[PDB]
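The chain that follows stands alone, in the form deposited in one PDB entry, written as structure tokens.
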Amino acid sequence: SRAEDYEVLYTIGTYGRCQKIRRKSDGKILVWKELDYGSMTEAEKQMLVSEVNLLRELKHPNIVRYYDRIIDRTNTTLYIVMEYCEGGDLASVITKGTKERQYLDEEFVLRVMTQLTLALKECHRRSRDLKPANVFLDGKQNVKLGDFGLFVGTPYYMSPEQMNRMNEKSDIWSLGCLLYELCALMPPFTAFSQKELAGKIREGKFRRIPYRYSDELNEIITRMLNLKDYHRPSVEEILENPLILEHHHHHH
């Protein structure tokens, strides 16, 4: 309700800045996203209101949880309060692995696969970017999909359908790309330009993920990267995989 209900501890990152905060009433650790709407038009503020209502709706263990919205009309600043994910985002995990030359555990990849697949299933059920920067880790081995998604960069994760026209199986391809990058510490198709990239995607060829990962894990990631959307496994078919066990799911 009010900014003064919370105390900022410090800034985590800088669409304004993201800050770790403490709710005064009970000391709960949260974060908020700080947005200056002062320069926005009425139309834009209207679709901002629409977006925020949308986030207040989705509740799921594998989706970053919204708590509150605070309007500071004096500084024309809006705060979106959400849960704190102490393990940060998946992009930093991959970069860390890349820089330090250390692959991630299969167990970790299975957790990401299982929990992101359940996030997707929920998103599809309701009607969000499937990329490492939009994936967050809490302090309990849980994985959460953030709200990014609802030019300069190469569109590494774009499916062959999207690269022409025109589909939930497209999301499966994107997940395949993300899990592939998590394993290999590089995307399955790399290139310097989008046109070069598009040429590679159309061939649909890539390296096997590293041998430290099982044939079973390689197989399902490879299936997700099938050129034909109808050969990619559905969320249901993914979760039926013998690889995926109770402990790979979320725990409170």
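Here the rigid core means the biggest group of C-alpha atoms that line up within 1.5 Å when the two forms are laid on top of each other. In this text, residue numbers run from 1 along the sequence as written.
Unmodelled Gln141 in at least one third of other entries with both flanks present
No, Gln141 has coordinates in all the other entries compared.
Note whether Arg128 lacks coordinates in a third or more of the other compared entries that model its flanking residues.
It is, since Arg128 is left out of at least a third of the other entries that model both flanking stretches.
Which class describes the count of deposited residues lacking coordinates between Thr14 and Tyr15: none, 1 to 3, 4 to 9, or 10 or more?
Gap size class: 1 to 3 residues without coordinates, per the record.
Which wins on mean Cα temperature factor, 27-35 or 218-226?
Comparing 27-35 with 218-226, the higher average CA B-factor belongs to 27-35.
Look up the CA B-factors in the entry and say which stretch, 201-209 or 60-68, has the higher mean.
Looking at the record's C-alpha B-factors, the answer is 60-68.
Between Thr98, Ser170, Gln141, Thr76, where does the Cα B-factor run highest in the record?
Within the set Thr98, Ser170, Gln141, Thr76, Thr76 shows the top C-alpha B-factor.
Would you mind checking which of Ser159, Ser127, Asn134, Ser92 has the top Cα temperature factor in the PDB entry?
The listed residue with the largest C-alpha B-factor is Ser127.
B-factor third for the C-alpha atom of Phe108 within its chain
It belongs to the lowest third of the chain when residues are ordered by C-alpha B-factor.
For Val8, the third of its chain into which the C-alpha B factor falls:
Ranked within chain, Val8 CA B lands in the middle tercile.
Would you check the entry's CA temperature factor for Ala191 and let me know if it's in the chain's lowest, middle or highest third?
Ranked within chain, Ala191 CA B lands in the middle tercile.
Compared with the other modelled residues in the chain, in which third is the CA B-factor of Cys177?
It belongs to the lowest third of the chain when residues are ordered by C-alpha B-factor.
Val152, C-alpha B-factor rank within chain (lowest, middle or highest third):
For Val152, the deposited C-alpha B-factor lands in the highest third.
Keep in mind that the form deposited in another entry is not shown, yet the notes after this line are about it.
Once the rigid core is superposed, exactly one of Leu227, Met186, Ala191, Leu48 has its CA displaced by 2 Å or more between the shown form and the other one; which residue is that?
Of all the options, the C-alpha that shifts by at least 2 Å belongs to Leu48.
Post core alignment: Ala91 C-alpha displaced by 2 Å or more between the shown form and the other one
False for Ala91: its C-alpha shift is below 2 Å.
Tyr37 C-alpha relocation of at least 2 Å between the shown form and the other one, rigid core basis:
Yes, the C-alpha moves 2 Å or more.
Once everything's superposed on the core, is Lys28 shifted 2 Å or more at the Cα between the shown form and the other one?
Indeed, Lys28 is displaced by 2 Å or more.
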